[PDB]
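Participant: Below are the structure tokens for one structure; questions will follow.
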Amino acid sequence: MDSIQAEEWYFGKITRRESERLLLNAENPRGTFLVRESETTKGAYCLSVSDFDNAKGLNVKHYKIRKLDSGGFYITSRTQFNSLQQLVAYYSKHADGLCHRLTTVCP
Amino acid sequence: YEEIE
């Protein structure tokens, strides 16, 4: 039943303006992310995240999710996954030098 | 985009 079409972190194909408008919300907590379809990439996805600093405000970091033509995914040349979900779990409990461990998803 | 380092 768990289909990537209705994932808790899968909105689908959205514009870039609305994307930054969803993570750049004073109500969104620092750590909110969202996986959508590759708008500028090809046959790939894009995991975005939200961050907050005590100097300027909250910014939005975009982490394009790569995809191995063999059948895998990875946003860095060191860890690989067999499903966009696995990549969201590892980065959800281990920033691994990311902007912030995933804590919430986009509503 | 950013890079994991």
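Chain identifiers are assigned as A, B, and so on, following the order in which chains appear in the structure tokens; residues are numbered from 1 within each chain, and ligands are numbered from 1 in order of appearance.
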Mind checking which residues fall within 10 Å of region 30-44 of chain A, counting only C-alpha atoms, ignoring those fewer than 2 positions away in the same chain, and posting them as an MDAnalysis selection string?
Facilitator: chainID A and resid 7:16 19 22:28 46:53 58:69 73 84:85 88 92 99:107
Participant: Go ahead and write the residues just picked, C-alpha atoms, as a short mmCIF file (atom, residue, chain, number, x, y, z; two decimals), in the first residue's frame.
Facilitator:
```cif
data_model
loop_
_atom_site.label_atom_id
_atom_site.label_comp_id
_atom_site.auth_asym_id
_atom_site.auth_seq_id
_atom_site.Cartn_x
_atom_site.Cartn_y
_atom_site.Cartn_z
CA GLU A 7 4.28 9.61 0.70
CA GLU A 8 4.22 11.78 3.84
CA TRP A 9 7.02 13.82 2.20
CA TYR A 10 5.91 13.69 -1.46
CA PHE A 11 3.97 16.72 -2.77
CA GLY A 12 4.61 16.05 -6.48
CA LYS A 13 5.68 18.60 -9.11
CA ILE A 14 5.49 22.13 -7.65
CA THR A 15 6.94 25.47 -8.82
CA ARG A 16 10.14 26.91 -7.31
CA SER A 19 8.63 25.73 -2.89
CA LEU A 22 6.40 26.68 1.78
CA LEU A 23 9.72 26.34 3.65
CA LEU A 24 10.05 30.10 4.23
CA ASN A 25 7.14 30.28 6.70
CA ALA A 26 7.36 31.90 10.15
CA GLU A 27 5.12 29.02 11.30
CA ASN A 28 7.37 26.28 9.87
CA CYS A 46 14.72 17.14 -5.04
CA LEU A 47 14.78 17.07 -1.21
CA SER A 48 14.56 20.62 0.19
CA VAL A 49 14.92 21.61 3.87
CA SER A 50 14.40 24.69 6.08
CA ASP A 51 16.93 26.25 8.47
CA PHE A 52 17.00 29.18 10.93
CA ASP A 53 19.89 31.34 12.20
CA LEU A 58 15.24 31.32 8.13
CA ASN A 59 16.68 30.26 4.76
CA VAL A 60 15.91 27.32 2.44
CA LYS A 61 18.60 24.83 1.36
CA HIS A 62 17.89 22.72 -1.74
CA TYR A 63 19.50 19.25 -1.84
CA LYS A 64 18.90 17.80 -5.32
CA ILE A 65 18.51 14.03 -4.93
CA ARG A 66 20.56 12.13 -7.53
CA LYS A 67 19.48 8.81 -9.05
CA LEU A 68 21.69 5.94 -10.27
CA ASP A 69 20.64 4.73 -13.74
CA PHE A 73 19.48 7.44 -5.18
CA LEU A 84 13.97 7.91 -1.90
CA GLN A 85 12.49 6.77 1.43
CA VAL A 88 15.04 10.32 3.80
CA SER A 92 16.31 12.07 8.98
CA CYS A 99 21.89 21.73 7.33
CA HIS A 100 19.76 20.02 10.00
CA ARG A 101 18.46 16.51 10.81
CA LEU A 102 14.99 16.13 9.25
CA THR A 103 12.38 16.85 11.95
CA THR A 104 9.11 17.70 10.16
CA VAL A 105 7.68 17.41 6.63
CA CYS A 106 5.86 20.00 4.48
CA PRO A 107 2.10 20.18 5.12
#
```
Participant: If you run DSSP over the backbone, which residues in chain A end up alpha helix (DSSP H)? Put them as a PyMOL selection string.
Facilitator: chain A and resi 16-23+84-93
Participant: Write the residues of the selection above to a file with C-alpha atoms, as a JSON list (two decimals), in the first residue's frame.
Facilitator:
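File out_12.json, as written:
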```json
[["chain", "number", "residue", "atom", "x", "y", "z"],
["A", 16, "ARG", "CA", 10.14, 26.91, -7.31],
["A", 17, "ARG", "CA", 8.41, 30.08, -6.07],
["A", 18, "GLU", "CA", 5.86, 28.11, -4.02],
["A", 19, "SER", "CA", 8.63, 25.73, -2.89],
["A", 20, "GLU", "CA", 10.59, 28.50, -1.15],
["A", 21, "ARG", "CA", 7.22, 29.93, -0.06],
["A", 22, "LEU", "CA", 6.40, 26.68, 1.78],
["A", 23, "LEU", "CA", 9.72, 26.34, 3.65],
["A", 84, "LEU", "CA", 13.97, 7.91, -1.90],
["A", 85, "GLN", "CA", 12.49, 6.77, 1.43],
["A", 86, "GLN", "CA", 15.74, 5.15, 2.63],
["A", 87, "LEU", "CA", 17.63, 8.36, 1.78],
["A", 88, "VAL", "CA", 15.04, 10.32, 3.80],
["A", 89, "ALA", "CA", 15.50, 7.98, 6.80],
["A", 90, "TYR", "CA", 19.31, 8.25, 6.97],
["A", 91, "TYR", "CA", 19.26, 12.05, 6.55],
["A", 92, "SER", "CA", 16.31, 12.07, 8.98],
["A", 93, "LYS", "CA", 18.41, 10.78, 11.90]]
```
Participant: In Å, rounded to a single decimal, give me how far CA of residue 1 (chain B) is from CA of residue 70 (chain A).
Facilitator: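 Between these atoms lies a distance of 23.1 Å.
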Participant: Give the answer as one residue: which of A:76, A:95, A:83, A:56 has the shortest atom-to-atom distance to chain B, using only C-alpha atoms?
Facilitator: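 So, comparing all the options, the nearest one is A:76.
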Participant: For residue 4 (chain B), list every protein, DNA or RNA residue within 8 Å, evaluated using only C-alpha atoms, and leave out those in the same chain fewer than 6 positions away; present the list as a ChimeraX atom specification.
Facilitator: /A:75-76,96-98
Participant: Save out the residues we just selected, C-alpha atoms, as a PDB file, in the first residue's frame.
Facilitator:
```
ATOM      1  CA  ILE A  75      22.578  13.342  -2.700  1.00  0.00           C
ATOM      2  CA  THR A  76      26.312  12.843  -2.034  1.00  0.00           C
ATOM      3  CA  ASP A  96      25.904  13.773   8.149  1.00  0.00           C
ATOM      4  CA  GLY A  97      27.107  17.375   7.718  1.00  0.00           C
ATOM      5  CA  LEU A  98      23.709  18.509   6.386  1.00  0.00           C
TER       6      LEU A  98
END
```
Participant: Just give me the gap between CA of residue 79 (chain A) and CA of residue 3 (chain B) in Å, one decimal is fine.
Facilitator: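 CA of residue 3 (chain B) lies 12.5 Å from CA of residue 79 (chain A).
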Participant: For CA of residue 54 (chain A) and CA of residue 94 (chain A), determine how far apart the two atoms are, in Å to one decimal place.
Facilitator: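 Taking CA of residue 54 (chain A) as the start and CA of residue 94 (chain A) as the end point, the length is 22.6 Å.
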